[PDB]
Amino acid sequence: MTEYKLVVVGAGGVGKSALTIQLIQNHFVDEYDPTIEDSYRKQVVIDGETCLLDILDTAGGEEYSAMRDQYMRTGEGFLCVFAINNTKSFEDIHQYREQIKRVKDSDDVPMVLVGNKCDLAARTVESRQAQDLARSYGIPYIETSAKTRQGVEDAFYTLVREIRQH
Ligand SMILES: Nc1nc2c(ncn2[C@@H]2O[C@H](COP(=O)(O)OP(=O)(O)NP(=O)(O)O)[C@@H](O)[C@H]2O)c(=O)[nH]1
Ligand SMILES: [Ca+2]
Ligand SMILES: [Ca+2]
Ligand SMILES: [Mg+2]
Ligand SMILES: [Mg+2]
Ligand SMILES: [Mg+2]
């Protein structure tokens with residue numbers, strides 16, 4: 001069956017792990033344990049196709065950049081995650097995108113921009129601001145909450161649908 005190798009990137013604390021765990025394991029991780037490099041695999045049906053998702057959950061932050069380079073190399077699509085209550089995380093996105101382009105040696109990599117923590121009310125990144133960034137990259141913008149599950153399947157499945165257009 002078809003395998004989709006997805007990679008989740010973005011600043012520390014934005015919810016990469018919580019998103020992945022919610023998708024794969026159907027619960028919300030409330031605590032914060034920084035990630036080094038974790039993988040999850042699960043068989044799912046997406047648009048009638050039985051397939052295997054292989055999801056790489058990466059370490060966030062400029063300090064782990066070198067480590068990510070090699071682990072990121074076989075990624076077929078990337079979720080670029082910021083949190084809607086963390087302006088710096090949004091400002092950091094372009095650096096993650098640039099890393100992706102470096103590791104894939106391509107300007108045309110399947111990606112989705114994800115604004116996570118949309119259950120929180122202390123919003124400092126407005127939807128339109130993120131829409132505009134995504135538009136510049138030619139990719140979708142989707143908001144998610146790993147806490148409530150809002151948008152979580154949509155984000156990951158949309159990434160699969162972007163891979164399929166490549
Ligand atoms: N309210 C709310 N909290 C969230 C959401 N997603 C993650 N969090 C919280 O934010 C914290 C960090 O989440 P985590 O997934 O560990 O972040 P990360 O991006 O994997 N960090 P790292 O790069 O260090 O591994 C946790 O306390 C988690 O519960 C969300 O959608 N809503
Ligand atoms: Ca929990
Ligand atoms: Ca390279
Ligand atoms: Mg993590
Ligand atoms: Mg503002
Ligand atoms: Mg398209």
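First listed ligand is number 1; within each ligand, the first listed atom is number 1. All heavy atoms count here, side chains included; hydrogens, waters and symmetry mates do not. Position 1 is the first residue of the sequence; numbering continues from there.
Protein N/O/S atoms found under 2.8 Å from the Mg ion (ligand 6): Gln165 OE1.
Using a cut-off of 2.8 Å, one finds that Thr58 contributes no N/O/S atom close to the Mg ion (ligand 4).
Side-chain N or O atoms of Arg68 include one that pairs as donor or acceptor with a backbone N or O of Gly61 at under 3.5 Å. Remark: side-chain polar atoms of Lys104 are paired, donor with acceptor, to backbone N or O of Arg73 under 3.5 angstrom. With hydrogens and angles disregarded, a donor-acceptor distance shorter than 3.5 Å links the side chain of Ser89 to the backbone of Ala83.
Donor-acceptor pairing under 3.5 Å is recorded for the side chains of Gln165 and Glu162. When only modelled atom types and interatomic distance are considered, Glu91 and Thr87 share no side-chain donor-acceptor pair under 3.5 Å.
Tested against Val9 for a side-chain contact (heavy atoms from CB on, under 4.5 Å), the candidates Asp57, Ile100, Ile93, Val14 yield a single pass: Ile100.
Counting non-hydrogen atoms of other residues, nucleotides and ligands closer than 6.0 Å to CD of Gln150 gives a total of 12 or fewer.
To the nearest 10 degrees, the angle centred on the Ca ion (ligand 2) between O in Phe28 and OD1 in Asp30 reads 90°.
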